[PDB]
Amino acid sequence: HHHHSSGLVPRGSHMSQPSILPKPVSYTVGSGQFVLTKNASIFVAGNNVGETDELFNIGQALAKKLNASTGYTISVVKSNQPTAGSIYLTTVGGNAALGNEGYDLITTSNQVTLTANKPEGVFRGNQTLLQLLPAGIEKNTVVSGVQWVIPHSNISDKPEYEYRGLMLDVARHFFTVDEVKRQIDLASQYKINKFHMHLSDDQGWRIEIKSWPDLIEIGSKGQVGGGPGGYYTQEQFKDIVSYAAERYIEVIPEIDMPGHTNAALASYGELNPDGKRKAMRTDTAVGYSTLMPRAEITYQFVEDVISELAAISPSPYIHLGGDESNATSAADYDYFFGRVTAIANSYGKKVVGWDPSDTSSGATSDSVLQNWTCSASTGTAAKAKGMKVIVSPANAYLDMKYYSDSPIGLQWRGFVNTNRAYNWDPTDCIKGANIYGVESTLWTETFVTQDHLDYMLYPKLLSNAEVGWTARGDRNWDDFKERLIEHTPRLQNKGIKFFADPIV
Ligand SMILES: CC(=O)N[C@H]1/C(=N/OC(=O)Nc2ccccc2)O[C@H](CO)[C@H](O)[C@@H]1O
């Protein structure tokens with residue numbers, strides 16, 4: 001047999017017809033169609049009144065999206081007796097083999113029925129439902145001249161990996177609550193279910209800590225390149241968490257330590273050996289900063305930060321970073337990371353950390369390794385200790401330029417086009433591990449505007465999202481590429497300022 005790899009498309013990027021991404025476990029189409037009309041209602045029914053109430057909220061979220069593009073005023077009804085023309089969302093009789101996020105979605109001429117095990121699965125299935133309707137449905141303003149049809153179809157679906165995440169770096173350049181919510185919303189439509197906020201680094205500190213107010217008064221006042229920076233109040237952070245929770249997205253906050261800490265060191269002189277505040281940094285160097293690993297004030301500082309963050313962050317996880325502590329000795333790093341893990345655990349939080357944090361003698365089997373290095377030796381400790389692993393290989397470093405000539409992005413992991421972001425498997429990064437899942441990391445050294453974020457995340461994130469959701473056996477670039485071409489108008493309709501990748 002004859003095989004080939006993909007080159008660029010001749011004559012430039014290519015960038016009744018559903019466009020499901022990520023690819024579902026099964027999808028068949030039959031004769032006939034459902035028509036969504038102005039008289040449609042969404043019916044919801046759970047196994048008890050509390051569950052029905054939860055489904056009702058999910059239903060209203062779906063109605064909101066449908067109403068924006070159709071111009072209808074679809075409303076939601078608590079009833080298990082849907083009427084012809086209805087969408088019906090239910091958890092009664094879900095197929096347990098599909099798990100928490102799985103669902104069946106069967107569209108007949110008279111009715112759309114989404115059957116899941118849990119409300120979470122209904123929400124994930126609704127993302128598929130939106131992709132079954134015609135291009136135009138994802139507009140934020142009313143679209144005329146499009147019949148709102150869904151082909152008779154049968155879908156069953158569940159994720160391959162439990163953790164399918166996006167990290168946004170808000171330290172290097174700041175992004176507003178509105179901007180963050182928008183990225184969470186867009187990502188949720190592709191079944192991303194985790195959002196990791198990199199809230200602190202050398203160039204900025206972005207979360208209000210009431211006990212150490214100069215982290216904001218001093219530490220938040222800049223960013224890479226000398227812009228004004230910004231921060232989230234604790235109320236704003238709670239609002240982001242709430243918005244994510246409505247999309248069944250867990251928010252994992254990161255306070256990077258003991259490295260990547262210049263903003264803290266610039267805020268409080270007492271965190272430095274000489275007692276003086278560091279000058280703020282607006283460059284892009286990494287690796288040079290460190291907390292004092294053998295001073296108790298360091299651990300008081302960390303405890304205060306963790307106490308306040310834990311109080312406002314419902315995720316069972318806090319990310320304590322641990323990357324590039326090049327001004328910290330191996331012995332001091334081992335000791336430091338063990339100490340801060342104990343602090344986090346005492347406040348009821350399990351610790352996530354970048355490699356080599358798994359090597360700390362103070363880690364537990366409940367700690368999680370975020371494996372970004374993806375070398376043969378990375379995560380040897382994690383594996384031995386039974387720690388879950390989240391992979392972030394080169395193919396998930398979405399801040400990498402698509403090509404040599406990309407106008408934004410870095411390139412220390414090489415270029416990452418839409419094909420490279422697709423053509424990998426989590427087992428490529430690490431062998432013999434309990435792989436919890438994948439996280440796409442959007443570092444922001446070179447991204448200043450919302451348009452920059454859109455350009456680098458789309459279509460790259462779509463590739464990563466499919467790697468997280470769709471089983472390896474059913475992933476195929478030639479297939480995905482053609483599906484992505486078909487999906488393009490939907491990106492445009494959403495107002496995403498995507499890159500029209502010439503490999504698509
Ligand atoms: C865990 C992690 O990602 N840490 C930092 C970095 N780590 O980047 C490098 O180590 N770069 C590098 C390595 C060798 C040669 C030249 C650059 O990459 C990112 C940009 O992609 C951000 O700067 C992160 O703060």
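Residues numbered from 1 in each chain as written, not as in the entry; some residues may be left out. Heavy atoms only, no water.

As documented in the archive entry, the model was determined using X-ray crystallography at 1.60 Å resolution.

Next up on the list: the sheet that holds strand β1 (residues 26–35). Strands sit in the order β1-β7-β5-β6-β4-β2-β3 across an open sheet of seven strands; the sheet is mixed. Two strands lie at the open edges of the sheet, namely β1 and β3 (76–78), each paired on one side alone. The sheet shows a mean angle of 20 degrees between the axes of neighbouring strands, direction not considered. As judged from the five bridges shared by strand β5 (residues 103–107) and strand β7 (residues 149–157), these two strands associate in the antiparallel manner. Each bridged residue has a counterpart across the sheet, and for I106 the counterpart in β7 is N154. Packing against the sheet, helix α1 (residues 49–70) makes contact with β2 (42–45), β3 and β4 (86–90), and its axis sits at approximately 160 degrees to β2. (Pairing = 2+ DSSP bridges. Helix = DSSP H or I, 4+ residues; strand = E, 2+ residues; numbered from the N terminus. Axes fitted to C-alpha atoms, helices over the stretch in contact; angles between N-to-C directions. Contact = heavy atoms within 4.5 Å.)

Many authors give the size of an interface as the accessible area that is lost as the parts come together. Structurally, the protein chain comprises domain 1 (1–15 + 161–504) and domain 2 (16–160). At the interface, 31 residues of domain 1 touch 34 residues of domain 2. Of all residues in domain 1, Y248, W469 and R490 bury the most surface against domain 2, accounting for 32% of the area lost on that side. At the junction of domain 1 and domain 2, the tally comes to four salt bridges. Between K23 and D479 there is a salt bridge, with the nearest N and O atoms lying 3.0 Å from each other. On inspection of domain 1 and its partner domain 2, the count reaches 18 residue pairs in polar contact. Examining the composition of the side of domain 1 that touches domain 2, we find that nine residues originate from one element, helix α13 (residues 477–493), more than from any other. Of the residues assigned to the side of domain 1 that touches domain 2, the class counts are eleven nonpolar, seven polar and 13 charged. (Domains from an automatic or database assignment. Buried area = accessible area lost by both parts, 1.4 Å probe. Salt bridge = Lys/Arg side-chain N within 4 Å of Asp/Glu carboxyl O. Polar contact = N/O pair within 3.5 Å; in protein donor to acceptor, adjacent residues only side chain to side chain. Nonpolar A, V, L, I, M, F, W, Y, C, P; charged D, E, K, R; others polar.)

Among the structural elements, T341 can be located in helix α8 (residues 330–346). Relative accessible area serves as the criterion here: at 2%, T341 is assigned to the buried category. Residues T341 and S360, 19 residues apart in the sequence, show an inter-C-alpha distance of 9.4 Å. Discounting chain neighbours no more than four positions away, the residues touching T341 are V351, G362 and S367. (Buried < 20%, exposed > 50% of the residue type's maximum accessible area, 1.4 Å probe, protein only.)

This part covers the nonpolar core. In this structure, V180, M197, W205, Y232 and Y458 are the most contacted members of the largest nonpolar core, which totals 78 residues. If you tally residues by element for this core, the top one is helix α7 (residues 296–312), at seven residues. Apart from residues lying up to four places away in sequence, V180 is in contact with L168, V170, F175, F195, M197, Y232 and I240. In terms of nonpolar packing, the next biggest core, distinct from the first, is built from 35 residues, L114, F123, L132 and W148 among them. (Core = buried A, V, L, I, M, F, W, Y, C linked by side-chain atoms within 4.5 Å.)

A cis amide bond, omega 0 degrees, links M257 with the succeeding residue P258. With respect to the helices, strands and loops of the structure, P258 is situated in the loop between β10 (250–254) and α6 (262–267). For the bond running from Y458 to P459, omega is 10 degrees, close enough to zero to count as cis. By secondary structure assignment, the location of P459 is in the loop between α11 (450–457) and α12 (460–469). Located in the positive-phi region is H260, a residue other than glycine, with phi close to 55 degrees. At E324, a position not held by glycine, the phi torsion is positive, near 55 degrees. Note on placement: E324 falls in the loop between β11 (317–319) and α8.

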